[PDB]
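# Coordinate analysis (summary)
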Amino acid sequence: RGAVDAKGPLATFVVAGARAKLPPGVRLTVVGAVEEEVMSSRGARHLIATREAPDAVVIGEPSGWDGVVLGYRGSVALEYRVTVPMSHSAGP
Amino acid sequence: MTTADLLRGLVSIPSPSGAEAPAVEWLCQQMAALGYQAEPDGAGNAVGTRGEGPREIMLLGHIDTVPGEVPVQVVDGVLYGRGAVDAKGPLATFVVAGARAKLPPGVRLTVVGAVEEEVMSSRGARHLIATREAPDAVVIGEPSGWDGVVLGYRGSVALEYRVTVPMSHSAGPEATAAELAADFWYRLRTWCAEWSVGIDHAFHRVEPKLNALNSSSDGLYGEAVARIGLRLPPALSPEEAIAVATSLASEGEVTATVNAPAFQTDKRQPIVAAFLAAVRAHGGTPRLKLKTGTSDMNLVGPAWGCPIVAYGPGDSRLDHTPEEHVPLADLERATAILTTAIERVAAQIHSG
Amino acid sequence: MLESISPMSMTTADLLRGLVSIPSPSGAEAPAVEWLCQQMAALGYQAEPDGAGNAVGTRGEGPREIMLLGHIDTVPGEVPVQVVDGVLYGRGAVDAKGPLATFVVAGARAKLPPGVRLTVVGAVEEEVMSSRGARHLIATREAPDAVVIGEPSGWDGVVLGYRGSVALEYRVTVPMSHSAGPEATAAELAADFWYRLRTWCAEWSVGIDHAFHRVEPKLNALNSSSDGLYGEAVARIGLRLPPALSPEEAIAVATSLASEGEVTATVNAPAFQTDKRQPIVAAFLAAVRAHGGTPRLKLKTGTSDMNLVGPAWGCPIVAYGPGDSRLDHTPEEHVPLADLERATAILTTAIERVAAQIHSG
Amino acid sequence: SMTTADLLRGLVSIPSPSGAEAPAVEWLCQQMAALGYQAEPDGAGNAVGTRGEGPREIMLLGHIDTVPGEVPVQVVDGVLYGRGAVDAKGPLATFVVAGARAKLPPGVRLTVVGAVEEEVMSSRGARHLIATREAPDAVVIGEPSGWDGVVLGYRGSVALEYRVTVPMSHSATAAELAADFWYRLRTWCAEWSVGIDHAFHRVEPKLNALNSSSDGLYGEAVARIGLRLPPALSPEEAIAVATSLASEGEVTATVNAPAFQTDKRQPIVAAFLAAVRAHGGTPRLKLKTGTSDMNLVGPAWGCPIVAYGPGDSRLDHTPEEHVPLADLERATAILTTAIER
Amino acid sequence: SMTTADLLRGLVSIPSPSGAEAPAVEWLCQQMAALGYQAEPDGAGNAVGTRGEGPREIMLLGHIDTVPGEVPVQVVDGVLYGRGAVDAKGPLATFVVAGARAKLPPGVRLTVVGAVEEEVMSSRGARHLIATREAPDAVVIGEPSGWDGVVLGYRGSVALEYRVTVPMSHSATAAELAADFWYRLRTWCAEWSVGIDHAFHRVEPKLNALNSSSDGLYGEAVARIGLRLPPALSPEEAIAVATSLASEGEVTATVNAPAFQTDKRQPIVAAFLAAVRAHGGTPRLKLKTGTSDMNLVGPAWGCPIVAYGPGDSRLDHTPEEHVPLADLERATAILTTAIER
Ligand SMILES: [Cl-]
Ligand SMILES: [Cl-]
């Protein structure tokens, strides 16, 4: 559970982050946020409310090792509603 | 007693299919004052009989209506009320005429107000067929227009499509129950439409009606149920239609109930000739029609094999509509035409 | 066809009584339409049902047109039609056969200048359905030069438009536990969003006696459930917006008010308003005062044809009609006979006043 | 490696009545995953694991659902008791083991399916395969044929529902009408099937439930009827008959499938016969009274198809449903020999 | 002008059991509108019509709902039968007629209320008045006091629900436990109320329903109990007692109201006494066994309050509930004389 969503990417973050050679003047913060999956992301919202915006962000979600995710599709929820008087007809 | 008056009282007693007893009671009470021996049968059918003899003329109408009540009122000559057209109008005409008709000796006059006709059961009609022996003539109490006579009605089948879909993760590929149920409706709608191309009259068409489509989700399994009415022309049997519907369902479950196949009577039949002649005798120009919906005519026609037509004042296009109504004058207009028709059919019967 | 009668002869009360007698819930307006078309034909209109079965009667001549857009359909049910102590009871007396009757009579009384048409419409399927009437007009007719919507504004009131509408959904999911402290459950969380949002709306519109200039919330539904692991809750809220509070503004507040939950939002109606300084408003303000009234500028809360033909045609538009709109869709819907004729006199002048503006050009 | 017997009790120990197959399916897939199958549940909840590589496919279609009733899972002197021991977790477990044991040519992939809802009328587990999968080159249905038996076919199935209403006043009760309908239906089928040797060729109605109730002002009664059809009598024909006996009540009908049978001299039959015979058995070709998902995937796919598995079908749906553990080992090896050929 | 009798049958002919008052309310308002009241239903569905002008208000609070059961509406020699003839459409119709007949001073407005749900435990019709209206200066409750009777009070009411579960195996049935709970409750009340003269001062439990069921593995039983309380025993106290007798089961309680009584020497009482006496009657002051909306609006509003109306309360909820038509005319005139003073 979470091998793909998203402990795999999180594990990769931890290891690669500790292996990565950093130049001077650069910090590296790795975050295992909470309550993202079933809840309203108390984790990330807390970061926003308490921390300065970092200079770059990599999101730990499965893109595949040979894939890179640039963002997300827009979502729209539609509701169609109709009311018609009753009758005996069986036409279209 | 006037037809419009009886109807005015008749339409004031709510009698949706399955809750007919109050109206049935009141009607049995009224028919006695007109000369009938009135009594609700084992099914709850209001039954009024008068006279006696080897023969019998049954005026078979129905007392039940579809739900949804139309506030009862008379405005500018027109009576508004649930079932005023379908079919308490024709039933009131039946009652008045039958007790007004000059009865020859050796002829029974039976007036029936059947229960649950407006539903799949036709519990009242099926009871009549199961317990009574065949009449020598049957007049069906449905709206034909006072200047019109109905020769037949389409048959019908009731379908229920059920399907359940679980949860893998495929929010993209493997899809929803509502989609699967809508997929079934499209298939059936398409098939019926392809069959029915070019055909001008609905009676000779096969037309489906998606009466209901409901999906739900409990968090575990999604479910979808479609309730469909199939209207059948003569050229398409209930068995074949059901077989077709069953074959269209890919993953769902199709459930079917047969009411009756289509039924019609030849215009060359004497009873038709009489009613055509009946309408002219009161300043009318008779019209012959074949209708979209189904009737108890489709049951008693085959089961009893006697001569039969549908006659009743009113616009059948107002069936099941929020302001169903009928002009008061058409009532007594059809009452006179019907009183005549009964007296003449009784003669041909007595004749042989 | 009936013989031509005097437009002055028939009173609005007379016409309304006949009109309110005929049942016409949405979808079943045909007998009402036929009757009204006959009546209008007798009053000097050229009256006939259009493509959608709308009752349409025209007067005048020319390249300019004032449309009086009312509806002939109602909610179902019969309010026992009776006249007692100068009050007419009946279904649609206020919504909206009263305003429609006023349209017919005032339109036939109104003196028109040359080059001006006058089209009175009794539209169908506005009340319970999706306004097949008005949508048909838009699809088949040219945009008129002025539109008066037949909705109850009161005889001494003039409606400039309608408030914006926003449907909110707050949703929250929390893990189950044994605790009984504050915000322990999803339902408590959903309920408290309602309180804090309800509080804000009151804060925003403090001291505002003009109700249509207030933001007023409504908790239409609140539900909750649990699977033993998590509890969920949903609050469905309607927000009726004043002109100075756009949806996205109100939606931003709600969003900011929610922490542990997520708020989604649908804008049901963008707010819409004809400006106070506009000629058509000047005409109606003048018309009301000309007949001894103190006119009130107001907005409709509920939706109407104004919500459709407004954004479509974009022409100057107001809503006017006798009757108290609080009585809309009520078992004893009624209107005073005095208000009918008073509104008829006022609209008569207003039509003349608008036609005067248009003719001056 | 795990034997079929250790696999069976684990599956039998996990209750999976129709509608509640998820934990069983879930567990079965990891058993398939541990064994090396690419295995997850599909869109309908079927347990699916597939072997090999290529465009040619053999399918071992079993079902993981069972009828209700708690049969205590226990071993009594080499005899395993439990709901599904025969119908049909035994055959399904056999599929999982023999399916991995066998060695396949290149281009030939094997797929094991633990379908849901086979026992009930929906059969939606199999129906999802028909809707979402390409037709395999051959199918083995996972039903108890016996270790030395080969099932070539099953009867069709139509469920019937009779409902009748009578007023709670004066004039036959709802119960009497419903019972007489059953009497008519039962007699029609008995007179049709008179003197016929085997169950496969007879039409047999099954009164699963009859219940009369008092609405208050109405008397009510319903009859749940299962109908098992031979090849000679189609679902369509049987419904027409059922309709004609309704009289005062109404009959509601739901078609499962017509009867189906595999032709006796098929190469796929010879393969199993040999597998039985060469493993020291005396095969008896059987045609069974009940129905199967074979009756759906058969007419749908058209590929060579048979039913095979350990277990005596007479023990199906019984309070002490059981299978000898010895039967499991042989059936696994026999299926393997069959699979190869 | 319409008499109370012609008004009554029209109302009685329109069924209005609790929950289904809308058509009755709807019709009553037009009867009030035709008579000259400003009349519409309010937010809860109460039928409301108000008279006069000003800041001072007398309220005639009746109820339009009835208990179920069809009592054939008919007149038999000046006797009107029908559900609600006594309880309480009779008093309500009397309110509508006497309420219009009387002449009022300026600043004094009269309001007639046909409340919903008085008969059931919710009493939400009256509760909506408490929530949405200013307290009137006086109230007349529309209950059958008799044409020459003045009701000063009613008992309180608490509904009790006992539920008990027992396994369907081995060791008291659900029915036995529930029955013994009733036995305990019935005995406690009887021993408390022993030798007390009138029903008003006694505590009386009412076993409206006891039903045992078999869940399948559990035996179940529920008991619906109405409890009528005297002033000496509060709802709070009575629930504590009920709780203490639960033992193996649980008791669920819902408070209607405590007992209420109008003090015998009130000016509003004198007004009715006079109205009775001056109209040739011999008034008997009564305290009734049942409850009323008086028990809610009383403690809420605190204004002078009494119950008056035609009808014998013993006929309440009976299969042939009826009132003499003669009683209607007198009650209307008496209420009028009372109203004026
Ligand atoms: Cl044989
Ligand atoms: Cl005492």
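Reading guide: rules and limits
Residues numbered from 1 in each chain as written, not as in the entry; some residues may be left out. Chains lettered and ligands numbered in written order. Part of a larger assembly, values for the part shown. Heavy atoms only, no water. Core = buried A, V, L, I, M, F, W, Y, C linked by side-chain atoms within 4.5 Å. Buried < 20%, exposed > 50% of the residue type's maximum accessible area, 1.4 Å probe, protein only. Helix = DSSP H or I, 4+ residues; strand = E, 2+ residues; numbered from the N terminus. Contact = heavy atoms within 4.5 Å. Buried area = accessible area lost by both parts, 1.4 Å probe. Salt bridge = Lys/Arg side-chain N within 4 Å of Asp/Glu carboxyl O. Polar contact = N/O pair within 3.5 Å; in protein donor to acceptor, adjacent residues only side chain to side chain. Nonpolar A, V, L, I, M, F, W, Y, C, P; charged D, E, K, R; others polar. Pairing = 2+ DSSP bridges. Axes fitted to C-alpha atoms, helices over the stretch in contact; angles between N-to-C directions. Domains from an automatic or database assignment. Patch = residues over 30% accessible without salt bridge, like charges linked within 9 Å, V, L, I, M, F, W, Y side chains within 5 Å. Areas by Shrake-Rupley, 256 points an atom, 1.4 Å probe, with all protein chains shown as cover. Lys, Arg positive; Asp, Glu negative; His and termini not counted. Charge placed at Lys NZ, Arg CZ, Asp CG, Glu CD. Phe/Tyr/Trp six-rings, centres within 6.5 Å; stacked < 30°, edge-to-face > 60°. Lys NZ or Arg CZ within 6 Å of the ring centre and 35° of its normal.

With that settled, the discussion passes to the nonpolar core. Counting 66 residues, the largest nonpolar core has C:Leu36, C:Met40, C:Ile66, C:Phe284 and C:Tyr320 as its most contacted members. Considering each element in turn, this core owes the most residues, 9 residues, to helix α9 (residues 337-360) of chain C. Counting residues in hydrophobic clusters, the runner-up holds 53 residues, among them B:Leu10, B:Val11, B:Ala97 and B:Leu318.

All right, on to the interface of chain D and chain B then. Across the boundary between the two partners, chain D contributes 31 residues, which contact 31 residues of chain B. Both faces combined, the contact of chain D with chain B buries some 2500 Å², and carbon together with sulfur accounts for 49% of it. Measuring nitrogen to oxygen at the nearest pair gives 3.6 Å for the salt bridge that ties B:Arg126 to D:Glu250. Summed over the shared surface of chain D and chain B, the result is 11 residue pairs in polar contact. Of all the secondary-structure elements, those providing two or more residues to the side of chain D that touches chain B are α4 (124-132), β9 (156-167), α6 (235-244) and β12 (250-257) of chain D. Broken down by element, the side of chain D that touches chain B gets its largest block of residues, 6 residues, from β12(D). Along the lines of polarity and charge, the residues of the side of chain D that touches chain B split into 10 nonpolar, 14 polar and 7 charged.

Residues and elements named next belong to chain C. Strand order in the open sheet formed by 3 strands is β4-β5-β16, and the pairing between neighbours is antiparallel. What marks the edges here is a single partner per strand, and that holds for β4 (82-84) and β16 (334-336). Within this sheet the neighbouring strands show an average axis-to-axis angle of 20°, counted without direction. In terms of strand pairing, β4 meets strand β5 (residues 87-89) through 3 bridges, oriented antiparallel. Following the sheet pairing, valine 83 is matched in β5 by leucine 88. On the sheet, helix α1 (residues 12-21) packs against β4, β5 and β16 and is oriented at approximately 20° with respect to β5. Of the strands in this sheet, β4, β5 and β16 are in contact with α9, which crosses β16 at around 70°.

This part is about the interface of chain C and chain A. The interface of chain C with chain A comprises 12 residues on the first partner and 9 residues on the second. Of the roughly 850 Å² buried where chain C meets chain A, counting both sides, 52% is carbon and sulfur surface. Together, C:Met129, C:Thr173 and C:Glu260 form the three largest contributors to the area buried by chain C at its contact with chain A, with a combined 44%. Where C:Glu262 meets A:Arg45, a salt bridge forms, and the shortest distance between an N and an O atom there is 3.1 Å. One can count 4 residue pairs in polar contact joining chain C with chain A.

All names here are of chain D. In terms of domains, chain D is made up of domain 1 (1-154 + 258-341) and domain 2 (155-257). Taking only C-alpha atoms, the centre of domain 1 and the centre of domain 2 are 32 Å apart. Taken residue by residue, the interface counts 16 residues in domain 1 and 17 residues in domain 2. Of the roughly 1200 Å² buried at the junction of domain 1 and domain 2 (both faces included), carbon and sulfur atoms supply 61%. Looking only at domain 1, the three residues that lose the most surface to domain 2 are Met121, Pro258 and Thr289, adding up to 47% of its buried area. Connecting domain 1 to domain 2 are 0 salt bridges. Counting across the interface, domain 1 meets domain 2 through 7 residue pairs in polar contact. Listing elements by their share of the side of domain 1 that touches domain 2, those giving two or more residues are β8 (149-154), β13 (260-261), β14 (284-288) and α8 (294-301). A class-by-class count of the residues in the side of domain 1 that touches domain 2 yields 7 nonpolar, 7 polar and 2 charged.

For the rest of this paragraph, the subject is the pattern of salt bridges. Inspection of every chain in the model, using the stated rule, returns 46 salt bridges over all chains. Of the charged contacts in the structure, one is a salt bridge between A:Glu79 and A:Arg81, with a shortest N-O distance of 3.5 Å. For the pair A:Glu79 and A:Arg81, one class covers both residues: exposed. Residue D:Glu161 is joined to D:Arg224 by a salt bridge in which the shortest nitrogen-to-oxygen separation is 2.2 Å. In the salt-bridge network here, residues are joined through shared partners; they are B:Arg154, B:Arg205 and B:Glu207.

The interface with the most contacts, out of 5 pairs of chains in contact, is the one formed by chains B and D. In this structure chain A stays clear of chain E, and the shortest span between their C-alpha atoms is 23 Å. With respect to C-alpha atoms, chain D approaches chain E no nearer than 14 Å, and the pair has no contact.

Turning our eyes to something else, we now look at a negative patch on the surface. Judged by side-chain charge, A:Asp5, A:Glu36, A:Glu37 and A:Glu61 come together as a negatively charged surface patch. If you trace the backbone, A:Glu61 turns up in the segment after α2 (42-50).

Residue and element names in this part refer to chain C. Tracing the chain through its elements places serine 304 in the loop between β14 (296-300) and α8 (306-313). Classification of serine 304 as buried rests on a relative accessible area of 4%. A distance of 3.2 Å separates the side chain of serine 304 from the backbone nitrogen of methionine 306, its partner in a polar contact. Residues in contact with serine 304, not counting those within four places in the same chain, are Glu126 and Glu151.

What follows deals with the domain arrangement of chain B. All names here are of chain B. By domain assignment, chain B separates into domain 1 (2-30 + 32-153 + 262-352) and domain 2 (154-261). Computed from C-alpha coordinates alone, the two centres of domain 1 and domain 2 are separated by 33 Å. Taken together, the contact pairs 16 residues of domain 1 with 17 residues of domain 2. For the pairing of domain 1 and domain 2, the buried interface totals around 1200 Å² over both sides, and the portion due to carbon and sulfur atoms is 52%. The largest per-residue losses of area from domain 1 upon contact with domain 2 belong to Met120, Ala262 and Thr292, which jointly make up 49% of the total buried on that side. Across the contact surface, domain 1 and domain 2 share 0 salt bridges. Broken down by secondary-structure element, the contributors of at least two residues to the side of domain 1 that touches domain 2 are β8 (145-153), β13 (263-264), β14 (287-291) and α8 (297-304).

Next up on the list: the packing of aromatic side chains. Evaluated as defined, the whole model comprises 9 aromatic pairs over all chains. Ring centres of B:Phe275 and B:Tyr311 lie 5.6 Å apart, and the angle between their planes is 40°; on these two criteria the pair is classed as tilted. Here B:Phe275, found in helix α7 (residues 270-280), pairs with B:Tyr311, found in strand β15 (residues 308-312); they are 36 residues apart in sequence, far enough to count as distant. Both residues of the pair, B:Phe275 and B:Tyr311, count as buried. Between E:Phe272 and E:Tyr308, the aromatic rings sit 5.5 Å apart at their centres with planes inclined by 50°, giving tilted as the arrangement. Residue E:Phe272 is located in helix α7 (residues 267-278), and its partner E:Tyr308 is located in the loop between β15 (305-307) and β16 (322-324); the two are separated by 36 residues in the primary sequence. In this arrangement the basic side chain of D:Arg330 is found over the ring face of D:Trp147, its NZ or CZ atom lying 4.2 Å from the centre.

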